[PDB]
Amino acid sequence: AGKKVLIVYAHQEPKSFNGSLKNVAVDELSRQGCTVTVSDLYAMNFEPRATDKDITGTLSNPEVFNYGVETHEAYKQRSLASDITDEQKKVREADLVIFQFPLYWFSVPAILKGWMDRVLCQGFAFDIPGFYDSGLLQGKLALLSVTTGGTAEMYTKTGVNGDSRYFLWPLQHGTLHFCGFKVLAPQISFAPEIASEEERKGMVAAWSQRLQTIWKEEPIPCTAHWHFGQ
């Protein structure tokens, strides 16, 4: 060994700027000798809803359904639906998880929100006492690669949309950090669509360039102060 990378990718269109950034991630990490896996959520028609279908066979209480409880129990009893256990297997084996998505409403698209809701269950991603620093996925790196509609000016502390780190908190701290990940600095590709075919190629290339030294990188301190303070 050797390192393993999972790219969780959430875009409808392979020719898109998200497609290109995913293809460049695959090419470059593959070049370096890395083991690479991609979850293309839309091509998988990945199920985003948290429902009782997520548990196979019979339920620990079919009278009052409690998703958190029943999925925890199904995880321990190897009874989670196979789309979920497949995703968990890829996360278990990965040293680095990259999420590649367009910003939808200051967050992840719903299909990707559902991956997080469904795959990162109690028992697998976290437990009492295994959370934040002690989360079950400790030692793994996570990285957000996000494209925006709005320009970098719009995302400053006194722009319309506030500081980028404001929306990153629920994903980076609330989700990734809670599960044990060390979170690398986000990669935000601002406003690809109102940009020349040449600021674009430079955005794709700095992503490609950045992946070259990805393993030497230091994890951000994932704190309230990092996201909000000075």
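Take the two forms, superpose them, and find the largest set of C-alpha atoms that agree within 1.5 Å; that set is the rigid core. Numbers for residues come from their place in the sequence shown, where the first is 1.
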Report the stretch with the higher root mean square CA deviation, pooled over structures and residues in 9 other deposited structures of this protein, choosing between 47 to 55 and 60 to 68 after a rigid core fit.
60 to 68
Hey, which bit's got the bigger mean C-alpha B factor in the entry, 101 to 109 or 135 to 143?
135 to 143
Residue range whose averaged C-alpha B-factor is higher in the record, 193 to 201 or 167 to 175
193 to 201
Tell me which of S30, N45, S60, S39 tops the list for C-alpha B factor in the record.
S60
Highest Cα temperature factor in the entry, among the options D117, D86, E153, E93: which one is it?
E153
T56 by Cα B-factor - lowest, middle or highest third of the modelled chain:
highest
Within this chain, which third does the Cα B-factor at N161 fall in: lowest, middle or highest?
highest
What third of the chain does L211 rank in for C-alpha temperature factor, lowest, middle or highest?
middle
Based on the deposited C-alpha B factors for this chain, I'd like to know if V64 is in the lowest, middle or highest third.
highest
